[PDB]
Amino acid sequence: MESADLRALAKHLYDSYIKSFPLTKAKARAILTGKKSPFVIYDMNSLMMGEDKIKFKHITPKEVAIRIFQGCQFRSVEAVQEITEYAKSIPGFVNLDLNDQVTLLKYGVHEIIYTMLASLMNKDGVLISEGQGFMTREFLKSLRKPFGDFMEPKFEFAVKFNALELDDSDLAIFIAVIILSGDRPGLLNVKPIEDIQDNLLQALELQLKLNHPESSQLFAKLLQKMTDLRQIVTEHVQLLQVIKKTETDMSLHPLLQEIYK
Amino acid sequence: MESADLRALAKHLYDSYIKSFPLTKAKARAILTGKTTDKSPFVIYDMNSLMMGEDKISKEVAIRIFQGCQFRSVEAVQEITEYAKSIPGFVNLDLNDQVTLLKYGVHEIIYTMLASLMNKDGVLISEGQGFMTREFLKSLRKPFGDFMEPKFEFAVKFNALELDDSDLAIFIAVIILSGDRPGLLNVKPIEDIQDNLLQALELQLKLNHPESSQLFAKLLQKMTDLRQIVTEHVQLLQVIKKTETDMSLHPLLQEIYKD
Ligand SMILES: O=C(O)c1ccc(-c2nn(C(=O)c3c(Cl)cccc3C(F)(F)F)c3cc(Cl)ccc23)c(OCc2ccccc2)c1
Ligand SMILES: O=C(O)c1ccc(-c2nn(C(=O)c3c(Cl)cccc3C(F)(F)F)c3cc(Cl)ccc23)c(OCc2ccccc2)c1
């Protein structure tokens, strides 16, 4: 690929990433650093007021720890549709076999949700409802039973990931790289997937050298984070199963259970 | 680092890798592909060929084989430790960090270098004098059968990269100098060394595999496969520990897996 084509691919992905995702990293950092302050949820009473004054669609209709956990699950489903739409803009993606498109999205969304959640996090908490709200790390970590220990690993990853100081133009290509992973189980035609990922990796490499020229070997270090992502996604799955087999108070309307399966 | 300094570091690391590891990938491939009469391995594919293999190269066969693997893993830890001492900057690090880097790194390197000894049909043993088939290992009883197969699965994919020893020497160094190991005290001096090693690996792969597009990225993505298999392995050991109460591990290995 020629250098100018890689920059074209990078710019294409950045524009689509801006249209697909409501709250960008650039805007999220402005809210987090305090540079219209978000409503802060730091305890039980502040949560109760936030749902009454603001309409947090994922924290309304039970026990608080379960409602918060389910709220994270409800937002994760919304993000899946945003990731799906963004994937359609990746050159070559919609031309892949239809089952392979579904397979790539099925096994990639968790890694991408974790990646993009870091954009909304700092060491003290996480933005919610398109940056209108802020839930503290301490409030999430203090939820009872396994729900508290379910939340903290996300902040631990995000803090490490955010030290790379990626911006949105870096992240748009990186997320594209994750989607086009040829090692997903059940892929039928790996070759066009790895061919697209090779273009995306070239575009990411050049993007990082031009956008972070003093950040030595940032490309390599970002690729090493794909290990952290896979590891934490597998831990995540094992934490859910434990919650599922233990907790008798998790029942939603069956139609809801289907949607948010 | 300048280009000539990166080439110097690659040659340094390849030199130490030859001095540290008795069975290289180059020699392993010459034995496996055959076409020679002086380095043909004896092939162990069932009980009878195993029994004859012991004369040519106590307890239940699956246990004896597992013990064979653990004994060679200990030797591998010894060879890996010796190579690590040669990586510029490693011995100058805080001593607790040296232990920590080796604790979490040796297994990822064992799996990497075990692939050199593998093809889809089996694995070289006893310094390449023997060859134990994949089917025979898979057919062991209890948990031991499924204990063997995940290694072959990784190797088939890893070997498709067609790395040679000079490539692997730098890659193995990159793995050891990982700043994200749990419990490290001084992450910065470790990451500075890894940066030079990553630069050296990058230049090495471009010169040695110029048609292999993005091989650098693809090789780094393999560190994900490595991390996963080490995790599966540790969980398989635990099942064996609670099932086989009369089976001991080497002290060096038991220290490595604790936490
Ligand atoms: O806006 C967005 O892009 C957004 C994106 C993600 C969350 C998110 N999800 N997540 C999870 O566990 C989770 C993750 Cl990482 C991956 C897959 C599935 C899950 C699932 F399914 F298990 F949920 C959180 C855990 C923590 Cl600690 C904090 C946030 C999340 C998100 O949370 C907003 C939120 C926070 C609190 C209460 C209600 C909503 C927002
Ligand atoms: O030459 C070398 O560098 C070499 C290096 C490794 C083995 C190795 N070990 N290993 C294990 O399980 C194992 C591993 Cl990976 C790490 C730590 C502890 C263990 C323990 F404790 F579980 F054993 C194998 C499983 C399979 Cl399937 C194939 C190979 C290994 C190796 O095996 C050669 C061999 C095979 C059969 C009989 C005798 C020797 C060689």
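Residue numbers in this text run from 1 along the chain shown.
We read in the header that X-ray crystallography, 2.2 Å was used to get this structure.
Note that Cβ sites are derived from N, Cα and C of the backbone, with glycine treated the same way.
Looking at B:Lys19, B:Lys56, B:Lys206, Swiss-Prot tags one of them with ubiquitin cross-link, and that residue is B:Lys19.
Among the ranges B:80-88, B:125-133, B:143-151, B:251-259, the stretch that Swiss-Prot annotates as motif '9aaTAD' is B:251-259. Cα separation, B:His233 (rosiglitazone binding site) to B:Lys19 (ubiquitin cross-link), rounded: 29 Å.
Once the 11 residues left out of the deposited model between B:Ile57 and B:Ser58 are set aside, the two flanking Cα atoms are found 17 Å apart. Most Cβ neighbours within 10 Å among the binding-site residues B:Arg72, B:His107, B:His233: this distinction goes to B:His107. Pairwise Cα distances among B:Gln70, B:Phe71, B:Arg72, B:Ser73, B:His107, B:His233, B:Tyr257, which the record gives as the binders of rosiglitazone, peak at 16 Å.
For ligand 2, the neighbouring recorded positions among B:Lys19, B:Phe71, B:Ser73, B:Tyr257 are B:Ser73, by Cβ distance under 6 Å.
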